[PDB]
Structures are given as C-alpha cells and as structure tokens.
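# sequence first, structure after; it's an experimental one.
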Amino acid sequence: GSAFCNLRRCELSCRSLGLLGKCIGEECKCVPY
C-alpha cells in the first residue's frame, strides 16, 4: 500500500488548524499534537 499520499503533505493540510496531520497509508487524519 502506502501509495500517492505523503504524510508530509497531509501534515500541511492539517497544521493550518493548530493540529498535526498524519496520513499513514493513503488516509489523512488531523490530530491534536
């Protein structure tokens, strides 16, 4: 698996929010760091 999504790019979908972003596999979460 682990195709198309970079966790580094999910981070920056989610950090704009005061969170972390965590896209392990291909499924992005944002998380209260």
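The structure has been received and is ready for your questions. Residues are numbered from 1 along each chain as shown.

# quick one: secondary structure of residue 21?
strand (DSSP: H, G, I helix; E, B strand; the rest coil).

# what's around the spatially closest residue to it that is not a sequence neighbour, how many residues?
Closest residue to residue 21 apart from its sequence neighbours, by Cβ to Cβ, 6 or more residues apart in numbering: residue 14 at 2.8 Å. All C-beta atoms are positioned from the backbone trio N, CA, C, and that covers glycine. Neighbours of residue 14 under the rule other Cβ atoms under 10 Å: 19.

# doesn't residue 14 fall inside a strand?
No - Residue 14 is assigned helix when assessed by three-state DSSP, not a strand.

# quick one: contacts for it?
20, 21, 22, 28, 29, 30, 31 (Cβ atoms under 8 Å, 6 or more residues apart in numbering).

# so who does the closest residue to the third one other than its chain neighbours touch?
Think residue 22. In space, and not counting its chain neighbours, residue 22 is closest to residue 29: 4.7 Å by Cβ to Cβ, 6+ apart. Contacts for residue 29 were tallied using Cβ under 8 Å, 6+ apart; they are 10, 14, 21, 22, 23.

# could you export those as a markdown table, including distance to residue 2?
Shown next, in a markdown table, are the contacts of residue 29 (distance: Cβ to Cβ, whole Å):
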| residue | distance to residue 2 |
| --- | --- |
| 10 | 12 |
| 14 | 18 |
| 21 | 16 |
| 22 | 13 |
| 23 | 10 |
